[PDB]
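Visitor:
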Ligand code: HEC
Ligand code: HEM
Ligand code: HEM
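Protein chains in written order, with the authors' numbering: chain Ae, 79 to 94, 105 to 110; chain Ac, 8 to 380; chain Ad, 87 to 324; chain Aj, 7 to 54; chain Af, 14 to 111; chain AK, 7 to 41; chain Ag, 4 to 79; chain Ah, 24 to 89.
(1) What runs of the alpha helix (DSSP H), each 4 residues or longer, lie entirely inside the region 74-147 of chain Ac?
(2) Excluding the five sequence neighbours on either side, which residues of its own chain have a C-beta within less than 8 Å of the C-beta of residue 35 of chain Ac, listed in chain order?
(3) Work out the CA separation of residue 10 of chain Aj and residue 106 of chain Ac for me, nearest whole Å.
(4) Does ligand 3 have even one heavy atom less than 7 Å from the beta-carbon of residue 53 of chain Ag?
(5) Just to confirm before moving on: does the CB-CB distance between residue 190 of chain Ad and residue 217 of chain Ad stay below 8 Å?
(6) Is any non-hydrogen atom of ligand 1 found closer than 7 Å to the C-beta of residue 78 of chain Ah, if you look at the structure I gave you?
(7) Could you tell me the boundaries of the alpha helix (DSSP H) in which residue 210 of chain Ad lies?
(8) Report the rounded CA-to-CA distance for residue 47 of chain Ah versus residue 100 of chain Ad, giving the unit in angstroms.
(9) At the 8 Å Cβ level, is residue 171 of chain Ad part of the contact set with chain Ac, yes or no?
(10) Which same chain residues, not among the five before or five after residue 140 of chain Ac, have their C-beta less than 6 Å away from its C-beta?
(11) Determine contact between the region 246-266 of chain Ac and the region 351-360 of chain Ac, defined as no fewer than three beta-carbon pairs at a distance below 8 Å.
(12) Are the CB atoms of residue 200 of chain Ad and residue 278 of chain Ad within a distance shorter than 8 Å?
(13) Assign residue 107 of chain Ad to buried or exposed, taking buried as 16 or more other Cβ atoms, counted over all protein chains shown, within 10 Å of its Cβ.
(14) May I have the straight-line CA-CA distance separating residue 38 of chain Aj from residue 291 of chain Ad, to the nearest angstrom?
(15) Ordered along the chain, which non-local residues of its own chain (more than five positions away) have a Cβ less than 6 Å from that of residue 275 of chain Ac?
(16) Excluding the 5 residues flanking residue 36 of chain Ah on each side, which residues of the same chain have their C-beta closer than 7 Å to its C-beta?
(17) For the region 282-312 of chain Ad, enumerate the residues whose C-beta is nearer than 7 Å to any C-beta of chain Aj, in chain order.
(18) What are the residues in the region 72-93 of chain Af lying within 8 Å of chain Ad by C-beta distance?
(19) 8 Å is my cut-off, CB to CB: does residue 62 of chain Ah come that close to chain Ag?
(20) Less than 8 Å between CB atoms is the rule here; does residue 20 of chain Ac satisfy it with respect to chain Ad?
(21) Short check: CB of residue 266 of chain Ad to CB of residue 242 of chain Ad, under 8 Å?
(22) What number of angstroms, rounded off, separates the C-alpha of residue 365 of chain Ac from the C-alpha of residue 331 of chain Ac?
(23) What does a CB cutoff of less than 6 Å around residue 311 of chain Ac pick up in its chain, not counting 5 residues either side in sequence?
(24) Less than 8 Å separating the beta-carbons of residue 305 of chain Ac and residue 144 of chain Ac?
(25) Starting from residue 338 of chain Ac, trace the alpha helix (DSSP H) in both directions and tell me its first and last residue.
(26) For residue 137 of chain Ac, which option in Ac:161, Ac:63, Ac:77 has the closest C-alpha, if you only look at C-alpha atoms?
(27) Note the first and the last residue of the continuous beta strand (DSSP E) segment covering residue 320 of chain Ad.
(28) Could you spell out where the beta strand (DSSP E) holding residue 15 of chain Ag opens and where it closes?
(29) So which residues on chain Af does residue 14 of chain Ag lean against when the C-beta distance must stay under 7 Å?
(30) Run the proximity test for residue 68 of chain Ac: is its beta-carbon closer than 7 Å to any non-hydrogen atom belonging to ligand 3?
(31) So residue 264 of chain Ad contacts chain Ah; which residues on that side make the cut at Cβ distance below 8 Å?
(32) Verify the contact flag: residue 202 of chain Ad, CB atom, against every heavy atom of ligand 3, threshold strictly below 7 Å.
(33) Kindly indicate if chain Ag contains any beta-carbon less than 8 Å away from that of residue 1 of chain Af.
(34) Can you have a look at residue 341 of chain Ac and say buried or exposed, based on whether 16 or more other CB atoms are within 10 angstroms of its CB?
(35) Under 8 Å: do the region 86-100 of chain Af and the region 31-47 of chain Af share three or more Cβ pairs, one atom per stretch?
(36) Could you check what DSSP says for residue 131 of chain Ad in three-state terms: helix, strand or coil?
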């Protein structure tokens, strides 16, 4: 169905309170 | 809102392919270059005088006494050169990626190319230097080729027995008026395209993957505009006379003729072809075909794949075509003597044989390799 | 077939390198004392100098040092007056033919844009002025000619105008033929492009502004294009 | 700094004010700095 | 000839984007009629393959070598459907001349 | 084929008429005296 | 326009916010490998032709000069 | 006063590359001497010699120049 898989990892993309700065 | 409807349709909510490379920037650059030329041309027109006694004096007055007039003049000249660079790369993109199957867009394009070449020729005649006068005479006498209609027609443009003030003034009027016709033809060019949408480098139907234009291909066009402005200014402010010719800084002497005469770089490929054909008429015709062969291009597509991304043999033939186009550009520069002539003759033969014969046969062979033919 | 003048290490040869204004002043002195007898710097007026190598009042001095006629007078044609800062440099041989006659058929070419009009002008100029060497065997120049390996045809009507110590530089820099040819090549260059210096400053500001603006616009494009460049597509047939 | 976002970036109006004001002064600084360079590069050759 | 056809298939490079041969055909009128006659699953796989190839061309990437389309594996699915379109097209044409 | 042949034969006469008009038009406009 | 462009089915598409992702993820990390990957894929189909151009160019220039060169036997 | 060019010239001139070049010119000069009744000249030889000489001088005249 729609739950078989989870959102793919974006760790090599995702950056590492912070939103304001970002 | 009626206008906003139109605005949103051609620049904001226009569905564009997501994978078009930087080559698709170039046409927008051409439009920017057109406006730049028009703007600089307008600021040349407030001080230029189209009189043979005062044209060179007015150009020197622009360069020496008008505040930043040298800047606007050399921006106009190097912007014409940048216009032809972007035009050649736009045409090469259209040839490589199979964009000529948009036939109406392609034909409005080749009309625009003819108009831009005529505008640049008369604009180069306009400063009334030594090189401008002998170039005009030469390029105009070319029209004297036609047996019954030609001779009179030439003096008709010359407006007299030989190019003289009569020409300069009417060349100023034409050169003023044709870029607005180019702008209208570019509007028709954009219309005939939105009906079909732009092509992508894979040559496939990109309807499954289209994105907006405002945030994706606008900032990309802004970046391309910035890079093109970097190259123009660094070709005006640091190397201002690189693309020009020194003999144009002498006044027009009808009694003398510049010893080494050559068209500007962009018009050379044609120059080579003209010189190559022994017959005068033949040269003129071939010359025309040189540009026109492109229009003829959408009827020569014999492949089942639109683009050359998956077609290596026709890629090799395309780069050989770019190679001998560069060769013809070099030959035009070289004087009349061995062996420049033979190369010119071959290079022209190879150019017409690759466009006319070799690419459809290669496309048939490529279709045979994929078990399609 | 022509000798191709070599490349000389000019002080303005570099990408951001301006002109040496003392050399332009010395070359203007060289033109005024030697070259102005036959050649006409038509497009350079005394006023032009102000700001380059001569100050306003200073230029006025030079201006006041020439007689320029004023054609329209109540009943007369010419009481050449003290040339002003608005007067253009005085062209010798008011009519072209006059010079033709004086120079034996040759027409000194107005040296306002000579450097720009001659291929590799600065070099050519220097070479021509300093290329007055010995004619070779078999050569038969016509009456009133001289031998310079560079000039087209190697037959320039112009006789060699720069003999060592031809004129004395007011600055006192030894007036060797070369020091004089280099100064007049710098000056003629300036003449053919009075804005050389101003431009290069604009080009430096342009390079600094593009070096600031290109990575920032690239970063904005890569922000607005990251979204897609990270998009992950997945096909999930039911 | 989260003061920036709150004071400069957050409201378009504020986002603008900072740009215009900065640009007003940037010219002063840029011209000054740039001129220093240009001149020095050719310090010897210039009227004075 | 078989090995040289595999070498040309590698040199063409649409297998590196995961495409089939019939995905690379230019959509003329006959090709669009053949695409319209496809079953739903084949059409959906073709549209997903084209979208993935466009995304890969956007990011200037290719698939990993294990995910490429093996020449031997490529299936000419549109071909059968296409021949018919051409056959029908020609028949109508000759009849026109009648 | 045969049908298109019929079509051509049927329109060529009309076409010739059109060309004729053009002949008069071009000549009259060109004022070519040879004609 | 959008909405009537094409018909796809069951193609899920995930994405991230610009400010949430690094601006230049591994820019030189993989950029270099990729640029190099790319060149080797078209270099054999682009350069070869232009190489021969450099060659014809050179040969042409040299040949011309030789033509201008005085014939030793000439006049002797 | 000695024009710097003369110095620079002397230097580059002394070079053998140039010396033999001049010599080749000499043979040419002489050829025309004996082969006086012809149309062959030494212009071409002259230029090549100079191109070399000047190139070098040019490489080194501006330094001396002030
Ligand atoms: C008494 C005559 C005379 C004097 C003095 C003279 N010239 Fe000339 N010059 C000419 C003539 C005549 C020509 C054109 C002759 C020709 O081109 O065959 C000429 C041409 C030139 C040219 C262009 C040559 C070309 O190829 O078009 C330059 C540059 C030049 N002169 C520089 C100078 C400089 C610098 C001086 C002095 C510092 C100078 N001249 C003094 C007579 C003179
Ligand atoms: C006046 C100069 C020209 C300008 C300003 C111009 C501009 C453009 C622009 C903005 C586009 C849209 C594509 C894009 O930007 O991504 C385009 C597309 C196109 N142009 Fe041009 N063009 C010019 C000359 C030509 C010429 C001479 C030809 C023919 C050789 C031509 C053929 C095409 C074709 C076929 C397309 C469709 C390609 C596509 O978008 O995928 N154009 N042009
Ligand atoms: C309405 C738009 C345009 C106007 C009003 C205009 C006006 C002028 C004027 C007055 C001149 C003479 C001044 C001078 O040469 O310095 C000129 C020169 C020139 N124009 Fe244009 N122009 C326009 C568009 C174009 C376009 C589209 C091109 C390119 C095709 C072009 C190319 C040139 C060239 C090459 C010169 C000669 C440059 C030189 O002197 O070296 N112009 N223009």
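Even for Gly, the Cβ is constructed at its ideal location relative to N, Cα and C.
Guide: So, to answer that:
(1) 76-103, 110-132
(2) Once the five neighbours on either side are set aside, the close Cβ partners of residue 35 of chain Ac are 228, 231, 232.
(3) 48 Å
(4) Ligand 3 never approaches residue 53 of chain Ag closely enough for any of its heavy atoms to be under 7 Å from the residue's Cβ.
(5) no
(6) With a threshold of 7 Å, the Cβ atom of residue 78 of chain Ah does not count as near ligand 1, since no heavy atom of the ligand is closer than that.
(7) 207-215
(8) 37 Å
(9) no
(10) 259
(11) no
(12) yes
(13) buried
(14) 11 Å
(15) Annotation for residue 275 of chain Ac: 336, 339 place their beta carbon closer than 6 Å to its own, counting only its chain and skipping 5 residues before and after.
(16) 76
(17) 287, 290, 291, 294
(18) 72
(19) yes
(20) no
(21) no
(22) 14 Å
(23) 374, 379
(24) If you check the CB distance, residue 305 of chain Ac and residue 144 of chain Ac do not come in under 8 Å.
(25) 319-340
(26) Of the candidates Ac:161, Ac:63, Ac:77, the one whose C-alpha sits nearest the C-alpha of residue 137 of chain Ac is Ac:63.
(27) 318-321
(28) Start and end: 14-17.
(29) 61, 64
(30) no
(31) 26, 27, 28, 84, 88
(32) No, Cβ of residue 202 of chain Ad sits at least 7 Å from all heavy atoms of ligand 3.
(33) What the structure shows of chain Af is the stretch from 14 to 111, and residue 1 of chain Af is not part of that stretch, so it cannot be assessed.
(34) buried
(35) The count of Cβ pairs closer than 8 Å, one atom from the region 86-100 of chain Af and one from the region 31-47 of chain Af, reaches three, so the stretches are in contact.
(36) strand
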